[PDB]
Each structure stands twice: as C-alpha cells, then as structure tokens.
C-alpha cells in the first residue's frame, strides 16, 4: 500500500486510477464508491447524546457495503433514514463537512421535498459537494427519509477498506438499516402503483430483493414479516401480502440492473426475478409468531 495519504486532489485521483486498474473496476465506479464512503463517514459522526446513530444508510449504498463492489448492483444515490428533522440532520452534516475528515470536506445543498405517498413527513433530496484538501473532488446525491415504525430501533455496521487502498488509514464503519427493514421497504416500493404522470421504473429492486434474500439469516424471517406488516400498514397504500407484477419496459431495465453480477446465482430475466421474489414474499408471510 501507500505509506502516507495523498498530498492533494491530483494524487488522490492518480491513486484511484491505479487501484481501479488493479481491481478491474471502472475509474468512475471506484471514485463514486470512495465519495459515498466519505459522505457515509460524515453521516456516522451524527449521534444522539447516548452515542447512537441519528442517520442509517439504506438502499444501494447499504448493499454495496454489505456485499462489496463486485457482488453488488451499481447505484448513484446515498439513501438514508433519519431519527431527527431534516433541518437538524442537514445542519449537522454541514457542520461535520466543514470540520472535515482525513482531508475531505463537504458542503451540502438545500433539501428538496420528494412527493411520496403514505408518509406524514416526506423524504428530502440534496447533494454533497466534496473536496479533498480544499479542491473539488466529487458530488454525491443524498436522500433522507423519516423513520417509519421500528426501522431505526436497531442497526448493522458495515466497514469498507477503500480509503485504505489510497493511503487514508482511518477506519470506515457505517451504521445501516437492518435487512428485515430493507426487505420491507423494497417490497413495498417494487409493488407500488404510481400516479398517472409517473410510471413504476423500479425493476432494479427485484435484483436487490434477491441479494437481500441471500444475506438474510433464517432466524430473522419472523422479524422480516413483522417489518413488512409494519411498513405496509403504516403507509396504508396497497395491502400485505403483495403481488410482484412487472411492467412492460421492465425486461430490459431488469437486465440493465444485472450489470457486473455475473458470478452470482440471480434470476437472469425479469420473469424469473418476479417468481423468485414472489416465492420470498410467500416464505416471509408464513413466518408468523
């Protein structure tokens, strides 16, 4: 490895160019992952007065942390659930970003509301603009949802070594929403019926649900049913248990979501994916108390 951290932006990029070559990854994918991890480090500094996380990672960034880059779907958003109002979360992120971490700083743009049904308080989107030793590095889109039911009562912690590969030694340890709640959210999202202008485009959730099924401990099947019930009932949209339908443009959208996952036992067509996820729904639904 390297013996000191990168002296500046150009060095950081040069080392990333070298790591991407060795790892067989596209420079952009690796740069994106490092940028996400830096934002995740800022997120992990937000704690309540007992030291518990205020912000938990979910969605694609979580799956990338659980499984590693090669065995996870490529995603651009940093999605989170927050235990506090957006103004507070944003402010604390801004404070952390100005203080910096291992040479990285960040400023955060204005949170903008996302029109989502079934949530008394809707999610917000904004962007982190990262710099390394004062020079602009990358931007990361961020989404923050409010807590629903028990989805922030507990968390898993996932670690990345990616910053270590470029000579930045500080440990990366990121609090993440647990698998039962990720399954509940993704099952709800992929089976939702969207309003006339919008069309449900979320075939990638079928990939994520199969990956989550692979990671889920058999002993957490009851907690998964409990979470699914909680989310479906809280949102009060379509009822549990859902039917995993697919839309006319999903065959190719689904295929696109399989990019880079050739070494995994996944359904290779959207129809087989829908069948697998429906089988999972049935298995969850049987896990009663």
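Numbering follows the first chain given and starts at 1.
> Please work out which of 159-167 and 208-216 has the higher mean CA B-factor as recorded in the PDB entry.
Per the deposited B-factors, the answer is 159-167.
> Can you tell me which stretch has the higher mean Cα B-factor, 29-37 or 51-59?
The stretch with the larger mean CA B-factor is 29-37.
> Would you mind finding, among 19, 266, 12, 276, the residue with the largest C-alpha temperature factor in the entry?
By C-alpha B-factor in the record, 19 ranks first.
> Going by the CA temperature factor in the entry, name the top one among 83, 129, 198, 188.
Highest C-alpha B-factor among the listed options: 198.
> Which third, lowest, middle or highest, does the C-alpha temperature factor of residue 95 belong to within its own chain?
For residue 95, the deposited C-alpha B-factor lands in the middle third.
> Compare the C-alpha B factor of residue 116 with those of the other modelled residues in its chain, then answer lowest, middle or highest third.
As the PDB entry reports it, the C-alpha B-factor of residue 116 lands in the highest third of its chain.
> What third of its chain, lowest, middle or highest, does the C-alpha temperature factor of residue 75 fall into?
Top third by C-alpha B-factor.
> Taking the chain's C-alpha temperature factors as the reference, tell me which third residue 257 falls into: lowest, middle or highest.
Its C-alpha B-factor, which the entry lists for residue 257, ranks in the lowest third among residues of this chain.
> Consider only the C-alpha atoms of the modelled residues in this chain, order them by B-factor as the entry records it, and name the third containing residue 282: lowest, middle or highest.
Middle third, going by the recorded CA B-factors of the chain.
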